[PDB]
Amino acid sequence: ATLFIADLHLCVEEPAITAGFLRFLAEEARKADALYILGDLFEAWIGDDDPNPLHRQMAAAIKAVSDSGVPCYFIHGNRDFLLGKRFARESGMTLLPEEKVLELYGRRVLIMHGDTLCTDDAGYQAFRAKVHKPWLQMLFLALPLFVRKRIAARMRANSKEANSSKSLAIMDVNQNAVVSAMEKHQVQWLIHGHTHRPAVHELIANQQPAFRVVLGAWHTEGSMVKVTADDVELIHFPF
């Protein structure tokens, strides 16, 4: 089986999630064919040079999975788009582009974080385009770590404030964008996160039955999608 997770938002002061993730790696990822992490692995990323001890332990635990023969892949989220090649090497992860099609046991599946489908949120998409500019990223990364942490803290705070004022519609995926992505790639299956609204949605793409499977955020329990020859299963599991 091939596993998909997203939206862990790992951080020091959410220790149940950290413990749950370590257990997941040892008990589930170890026996899988591959693991895909579809963004927001960390609560925030302000550069691979961050000395946070959590990053060291998480990198080693992920690298132990891929060193055991189970490849680990990462699509960036909105929290952790700065995660780079240095941390990918430390963690034994392969970095993927923002959209990727997999063929799994004969089944073509599109994967992404999900935030690029939220096309009605013009304010977010504006922000996203700016912070994805390599020149601006490279400029941010030149600041002292403590300044980067203050910026991130402010961004987190203003994000929470902005979100409480936004309609549910602009913060969920746009259906035209969903269908457009699934027809661009001619898939009947899409797995994403970002919205923190776990569900299996039925829809039409390519004039055929299609499915959009949304991972849950990790808080008091975890969420994965398990893909086998015969099934695509959204599974919630306790810590």
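Note that residue numbering begins at 1 and tracks the sequence as displayed.
(message) Test of understanding: from the entry's C-alpha B-factors, which stretch has the higher mean, 166 to 174 or 64 to 72?
(response) It is 166 to 174.
(request) Select between 209 to 217 and 26 to 34 the stretch whose C-alpha atoms have the higher average B-factor in the entry. (result) The recorded data point to 26 to 34.
(message) Maximum C-alpha temperature factor per the entry, among 147, 83, 96, 111, belongs to which one?
(response) Checking the PDB record, the top C-alpha B-factor among 147, 83, 96, 111 is at 147.
(message) Can you tell me which of 130, 100, 89, 79 has the maximum CA B-factor listed in the PDB entry?
(response) The record points to 130.
(message) Using only modelled residues of the chain, where does the Cα B factor of residue 225 rank: lowest third, middle third or highest third?
(response) Tercile = lowest for this residue's CA B-factor.
(message) Among the modelled residues of this chain, does the Cα B factor of residue 186 put it in the lowest, middle or highest third?
(response) Its C-alpha B-factor belongs to the highest third of this chain's values.
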